[PDB]
Amino acid sequence: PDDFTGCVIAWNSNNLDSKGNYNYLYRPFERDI
Amino acid sequence: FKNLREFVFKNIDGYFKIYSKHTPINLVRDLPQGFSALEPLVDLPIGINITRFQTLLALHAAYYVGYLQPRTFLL
């Protein structure tokens, strides 16, 4: 949301998740399952 | 009927907000006239889109459905 209150934290996973690794998919707080 | 159960269900920014109030009644024909504000009871962080709903009855009680509007009140 545009009035989001909080913190966004992110980090690189090139040496963790990458292999390739095809288990990661893409299509306010909505889970479009 | 003996028990009046009132609920408000609204879905804002992924949160399903539930307000409710239970009061004693002595009336069969229709809803009693009167005023009482409903207190917040549950707030569910679900992230689920709701467009339609259905009630669940026990098969061996009248119920009413209205809709909310963005109106201004002086409380």
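Everything below is about the structure shown above.
How each quantity is defined
- Residues numbered from 1 in each chain as written, not as in the entry; some residues may be left out.
- Chains lettered and ligands numbered in written order.
- Part of a larger assembly, values for the part shown.
- Heavy atoms only, no water.
- Residues with missing side-chain atoms left out of burial classes, pairs and counts.
- Contact = heavy atoms within 4.5 Å.
- Nonpolar A, V, L, I, M, F, W, Y, C, P; charged D, E, K, R; others polar.
- Helix = DSSP H or I, 4+ residues; strand = E, 2+ residues; numbered from the N terminus.
- Salt bridge = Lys/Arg side-chain N within 4 Å of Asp/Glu carboxyl O.
- Pairing = 2+ DSSP bridges.
- Axes fitted to C-alpha atoms, helices over the stretch in contact; angles between N-to-C directions.
- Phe/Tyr/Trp six-rings, centres within 6.5 Å; stacked < 30°, edge-to-face > 60°.

Visitor: Could you give an account of the interface of chain A and chain B, naming the residues involved and the relevant values?
Guide: The figure often quoted for interface size is the accessible area lost as the parts come together. Taken together, the contact pairs 4 residues of chain A with 4 residues of chain B. By residue class, the composition of the side of chain A that touches chain B is 2 nonpolar, no polar and 2 charged.

Visitor: Pulling in residues and values, what's your account of the environment of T23 of chain B?
Guide: Within the secondary structure, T23 of chain B is located in strand β2 (residues 15-24). When sequence neighbours within four positions are dropped, the list of residues in contact with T23 of chain B reads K2, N3 and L4 of chain B.

Visitor: Lay out the pattern of salt bridges with the relevant residues and their values.
Guide: Of the charged contacts, one joins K17 of chain B and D43 of chain B as a salt bridge, the two residues approaching to 2.9 Å between their closest N and O atoms. Of this pair, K17 of chain B sits in strand β2 while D43 of chain B sits in strand β3 (residues 39-45); the two residues are 26 residues apart in sequence, bridging distant segments of the chain.

Visitor: A description of unusual backbone geometry should follow, citing residues and the corresponding values.
Guide: A negative phi holds for most residues other than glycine; trans holds for most peptide bonds. In this model, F29 of chain A sits at a positive phi of 55°, which is unusual for a non-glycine residue. Even without a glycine there, the phi angle at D13 of chain B is positive, about 50°. Tracing the sequence through the fold places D13 of chain B in the loop between β1 (3-12) and β2.

Visitor: Give me the sheet that holds β3 of chain B: which residues, what numbers.
Guide: Residues and elements named next belong to chain B. Strands sit in the order β1-β2-β3 across an open sheet of 3 strands; the sheet is antiparallel. Strands with a single pairing partner mark the edges of an open sheet, and in this sheet they are β1 and β3. Neighbour-to-neighbour, the strand axes of the sheet open up by a mean angle of 20°, direction not taken into account. Where β1 lies against β2, 10 bridges are found, and the strand directions are antiparallel. Residue pairing across strands places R5 opposite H22, the latter belonging to β2.

Visitor: Explain the packing of aromatic side chains to me, using residue names and the numbers behind them.
Guide: Residues and elements named next belong to chain B. Pairing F7 with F9 gives two aromatic rings, centres 5.9 Å apart and planes at 5°, and the pair type is stacked. Arranged with centres 5.6 Å apart and planes meeting at 15°, the rings of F9 and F16 form a pair that is stacked. Pairwise contacts between aromatic rings join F7, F9 and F16 into one cluster.

Bear in mind that shape data such as this cannot, by itself, settle questions of function.
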